[PDB]
Amino acid sequence: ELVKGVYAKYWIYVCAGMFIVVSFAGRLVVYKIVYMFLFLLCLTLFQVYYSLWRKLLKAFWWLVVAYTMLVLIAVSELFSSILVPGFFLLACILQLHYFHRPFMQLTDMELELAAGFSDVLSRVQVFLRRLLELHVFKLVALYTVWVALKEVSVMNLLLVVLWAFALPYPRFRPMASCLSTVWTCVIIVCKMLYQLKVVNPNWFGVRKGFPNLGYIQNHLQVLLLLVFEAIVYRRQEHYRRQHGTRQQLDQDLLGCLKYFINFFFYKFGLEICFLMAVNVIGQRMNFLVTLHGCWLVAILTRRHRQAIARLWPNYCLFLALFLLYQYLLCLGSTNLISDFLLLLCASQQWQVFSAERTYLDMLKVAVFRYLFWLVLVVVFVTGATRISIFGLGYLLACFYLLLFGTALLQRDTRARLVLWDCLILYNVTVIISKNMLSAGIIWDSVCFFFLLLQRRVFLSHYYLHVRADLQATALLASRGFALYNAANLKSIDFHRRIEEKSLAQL
Amino acid sequence: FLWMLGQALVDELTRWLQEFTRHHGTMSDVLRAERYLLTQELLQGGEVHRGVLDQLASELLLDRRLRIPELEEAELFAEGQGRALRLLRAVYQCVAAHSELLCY
C-alpha cells in the first residue's frame with residue numbers, strides 16, 4: 001500500500017496534466033477548448049472554495065470519463081483523436097475508485113546512513129516549507145507583473161492593478177489572489193477561442209498564434225503559480241495541524257547568522273528601499289525617472305526615522321499610481337519592472353514601520369572600528385575610475401576626511417553624523433544629476449551603500465565602546481611620549497658607556 | 001608531509017618577527033593596561049586622575065602587580081589561534097612597529 005499511498009497524494013495531478021494534453025492535441029476545435037475549460041474549472045474551485053473542491057473531486061473525474069467517452073465514440077488521424085481521450089479516462093479510473101478516498105484522507109487535516117540521510121532531509125523539508133509560506137506572495141506578484149509587462153494590453157492590465165494595489169495595502173492579499181485566478185482563466189479561455197477557424201481577420205489582448213501551447217503558456221504558468229501558492233499554504237497548515245533572537249547575536253557566530261536570517265529586512269530596510277530607488281534611476285534614465293529622484297531627496301532630508309515613517313504613507317501610494325500610469329502610457333515596458341521591485345520593497349518597510357511599534361568578537365571590531373577606513377578607500381576609487389568633474393569631487397572629499405578623520409571618529413554624535421550626512425548628499429546629487437544630463441551610476445552606488453552602512457555603525461551602541469578607546473588614547477599620549485623618550489635615553493647611555501670603556505682600554 | 005613541513009617554517013618566521021617587534025610590544029602592553037582602567041572611569045562619568053594609574057616600559061610591567069582579568073583571557077585566545085591567524089598578526093605587528101621604513 002506504499003505506492004497506493006504515493007498515488008493517494010502525488011498522482012491526482014497526473015489526471016490534471018492529462019486534461020491539458022487532450023485539450024492541446026492538434027487543431028483545437030470547440031470540444032477540445034471545452035476540455036480546457038473543465039480543467040480550469042477544477043483548479044479554480046480549488047482556490048475559491050477548498051471544502052467544495054474536495055467535495056466534488058472524483059465526481060469531476062467521473063464527469064471526465066463522461067466527456068471523453070462521447071468524443072471518442074463519435075470521432076490514424078481520427079483514431080489518434082480517440083486514443084488520447086482514452087488515455088485520459090484510464091488515468092482517471094485508477095485514482096477515481098482506488099486512490100481517491102485515501103487521498104481525501106491525506107488531505108483530511110480536520111540502512112545506517114539512510115536513516116541519517118532521512119533525518120537530514122527531514123530538517124531541510126521542514127525549513128523550506130516555513131520560508132515558502134511567507135515568501136510566496138512575492139513570486140506570485142512578480143510573475144504576474146513580468147507577464148503583463150511584456151504583453152501590454154487591456155485585459156492583462158487588470159492583473160497589474162490587482163497585484164499593485166494589493167502589495168501596498170496588504171489586507172487585500174486574499175482577494176487579490178481570488179480575482180487573479182478567475183481573470184487569468186478568462187484570459188486563457190478568450191485567447192483560445194481565438195485560435196478557431198471562424199475567428200480570423202490585439203489591443204484588448206486576444207490575438208492569433210500558430211503554436212497554441214506556446215501562445216497560452218505564459219498565462220497558464222500564472223494560474224500555476226497562484227494555485228501552487230495555495231497548495232503550500234494548506235500543506236504547511238496540515239503539517240502543524242497534525243504534528244535567532246537578540247540574545248543569540250551576542251553569543252556565537254551561528255547565533256548571529258540566525259538573527260539575520262530571521263531579521264534583516266527588519267533592521268536594514270530603509271537602507272534597501274533607498275538602494276532600490278538608485279537602481280531605477282540608473283537603468284531607465286528617462287524623464288519619468290526623475291521624480292523617483294526627487295522623492296529620494298525629500299525623504300532622505302528628513303533625517304529622523306520617525307519623521308520618515310510619516311511620509312511612507314505617501315511614498316507607497318505614489319509608487320503604485322506611477323506604475324499604473326506608466327503602463328497606461330505603454331498601452332496607449334520591460335524596464336518598468338524596476339518600479340515594481342521598489343513598490344515591493346517599500347510596501348514591506350511600511351510593515352516594519354507599524355510592527356516595531358508593537359571569533360564573533362573579532363568580526364565586531366573589524367566592522368565597528370576598521371570600516372570607516374575602508375569607506376574612505378572606496379570614496380577614492382569611486383572618483384578615480386570614472387574620470388569626470390564629479391569624480392574630482394570624490395577625490396577631494398577623501399583627502400579632507402583622511403586628514404580630519406581622527407577628530408571625527410571622536411566627536412559626539414551630533415557632529416560625527418553631520419559630516420557623514422553631508423557626504424551622503426554629494427552622492428545623491430551626483431546620482432540625480434548624471435541623469436538630468438543624460439560612464440554611469442554603478443560606482444556611485446557601491447559608494448552609496450558603504451556610506452549608508454557607516455551611518456549605522458556611527459549610531460550604534462557598540463560604537464560607544466570604540467569611541468571610549470579612541471578618546472582614552474588622546475589622553476594617554478603624554479605617557480606614551482615619556483615611555484618612548486625614556487627608552488631612547490636608556491639606549492643612549494648604554495652605548496655611551498661602551499664607547500668610554502673602549503677609550504679606557506686604548 | 002610538505003604542508004606540515006612548511007608549517008614548521010612558518011612558525012620559525014613568526015618567531016623571528018615576534019623578536020623583531022619585541023620592544024614595541026612591551027611599550028604597547030603598558031599602555032593597554034593603563035587604557036583599560038582609564039576607560040572605566042570615563043564610562044562611569046567620573047574624572048581620570050593619577051590614582052587610576054597608581055592602582056596598577058619593561059620595568060613598569062614588572063612593577064605593576066594589578067593583574068587584570070579580560071586582558072589575560074584575551075592573550076590566551078590569541079595564543080590558542082591557528083598558525084595562519086598568528087602569522088598574519090605577526091606581519092601587522094611588524095608593520096605597525098617599523099612604519100617609517102614602510103613610508104620610505
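Per the deposition metadata, cryo-EM was the technique used to determine this entry, at a resolution of 3.9 Å.

An account of the overall build of chain A is requested, with residue identities and associated values reported.
The number of helices and strands found in chain A is 26 helices and zero strands. Over its C-alpha atoms, taken along the principal directions, chain A stretches across nearly 130 × 65 × 50 Å.

Explain the overall build of chain B to me, and be specific about the residues and the numbers.
From N to C terminus, chain B includes seven helices and zero strands. Along chain B, helices (α) and strands (β) appear in the sequence α-α-α-α-α-α-α when read from the amino end. Over its C-alpha trace chain B gives a radius of gyration of 17 Å, far above what one expects of a compact globule, namely 13 Å for 104 residues. A principal-axis box enclosing the C-alpha atoms of chain B has dimensions of 55 × 35 × 25 Å.

Before we move on, can you summarise the interface of chain A and chain B with the specific residues and values?
Between chain A and chain B, the residue contacts involve 14 residues of the former and 17 residues of the latter. Summing both partners gives a buried area of about 1400 Å² for chain A against chain B, and 75% of it is carried by carbon and sulfur. If you sort the residues of chain A by the area they bury against chain B, A:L476, A:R479 and A:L483 come out on top, with a joint share of 39%. On inspection of chain A and its partner chain B, the count reaches two salt bridges. Between B:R35 and A:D469 there is a salt bridge whose closest N-O contact spans 3.2 Å. Where chain A meets chain B, there are three residue pairs in polar contact. Secondary structure elements with two or more residues in the side of chain A that touches chain B: α19 (360–368), α25 (463–475) and α26 (477–505) of chain A.

So, the nonpolar core: which residues are in play, and what are the values?
Residue and element names in this part refer to chain A. With 83 residues, the main nonpolar core has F274, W312, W420 and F448 as its most contacted residues. Considering every element that reaches this core, the biggest residue donor is helix α17 (residues 305–328), with 13 residues. Apart from residues no more than four positions distant in its own chain, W420 is found in contact with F372, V375, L376, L401, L451, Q454, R455 and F458. In terms of nonpolar packing, the next biggest core, distinct from the first, is built from 47 residues, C42, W61, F99 and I216 among them.

Residue-level account of the side chain of A:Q195, with values.
Residue and element names in this part refer to chain A. Relative to the helices and strands, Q195 resides in the loop between α10 (173–192) and α11 (212–215). Here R207 takes part through its backbone oxygen, which lies 2.9 Å from a polar atom of the side chain of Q195. Here the side chain of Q195 touches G209 through a polar contact of 2.9 Å, landing on its backbone nitrogen. Those residues in contact with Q195, other than ones at most four positions away along the chain, are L28, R207, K208, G209, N212 and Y215.

I'd like to hear about the packing of aromatic side chains, residue by residue, with values.
Residue and element names in this part refer to chain A. Evaluation of the coordinates by the stated rule reveals 38 aromatic pairs over all chains. Centroid distance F19 to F88: 4.7 Å. Interplanar angle 55°. Geometry classified as tilted. Per residue, the accessibility class of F19 equals that of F88, and both read buried. On the numbers, 5.8 Å between centres and 80° between planes, the contact of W203 with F204 is edge-to-face. Residue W203 is classed as partly exposed on the basis of its relative accessible area, which comes to 47%. You can call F204 partly exposed: its relative accessible area is 48%. Through a chain of ring-to-ring contacts, three or more aromatic side chains come together here, namely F274, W295, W312, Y315, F318, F322, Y325 and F353. Over the face of the ring belonging to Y239 we find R129, whose NZ or CZ atom lies 4.8 Å from the ring centre. The aromatic ring of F137 is capped on one face by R173, whose charged end is 4.0 Å from the ring centroid.

Describe in detail the pattern of salt bridges, supporting the description with residues and values.
Residues and elements named next belong to chain A. Applying the stated rule across the entire model yields 24 salt bridges over all chains. With a closest N to O distance of 3.4 Å, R305 and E356 form a salt bridge. Owing to a relative accessible area of 34%, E356 belongs among the partly exposed residues under this scheme. When salt bridges that share partners are traced, they join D493, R496, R497 and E500 into one network.

Break down unusual backbone geometry for me, with residues and values.
Positive phi values are uncommon outside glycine, yet A:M285 reaches one of about 50°. Position of A:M285 relative to the elements: it lies in the loop between α15 (270–283) and α16 (290–299).

For the state of the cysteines, give the residues involved together with the corresponding values.
Disulfide: a covalent bond connecting the sulfur atoms of a pair of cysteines. Residues and elements named next belong to chain A. Under the definition given, this model contains zero disulfides over all chains. No disulfide involves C178; its nearest neighbouring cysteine sulfur is the one of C185, lying 12 Å away. Residue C178 is classed as partly exposed on the basis of its relative accessible area, which comes to 29%. Just so you know, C316 is unpaired, no disulfide at all, and the nearest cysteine sulfur is the one on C273, 7.7 Å from it. On the basis of relative accessibility, which here comes to 1%, the residue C316 falls in the buried class.

The rules behind these values
Residues numbered from 1 in each chain as written, not as in the entry; some residues may be left out. Chains lettered and ligands numbered in written order. Part of a larger assembly, values for the part shown. Heavy atoms only, no water. Residues with missing side-chain atoms left out of burial classes, pairs and counts. Helix = DSSP H or I, 4+ residues; strand = E, 2+ residues; numbered from the N terminus. Rg over C-alpha atoms; globule rule 2.2 N^0.38 Å. Contact = heavy atoms within 4.5 Å. Buried area = accessible area lost by both parts, 1.4 Å probe. Salt bridge = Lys/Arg side-chain N within 4 Å of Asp/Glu carboxyl O. Polar contact = N/O pair within 3.5 Å; in protein donor to acceptor, adjacent residues only side chain to side chain. Core = buried A, V, L, I, M, F, W, Y, C linked by side-chain atoms within 4.5 Å. Buried < 20%, exposed > 50% of the residue type's maximum accessible area, 1.4 Å probe, protein only. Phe/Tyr/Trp six-rings, centres within 6.5 Å; stacked < 30°, edge-to-face > 60°. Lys NZ or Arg CZ within 6 Å of the ring centre and 35° of its normal. Disulfide = S-S within 2.5 Å.

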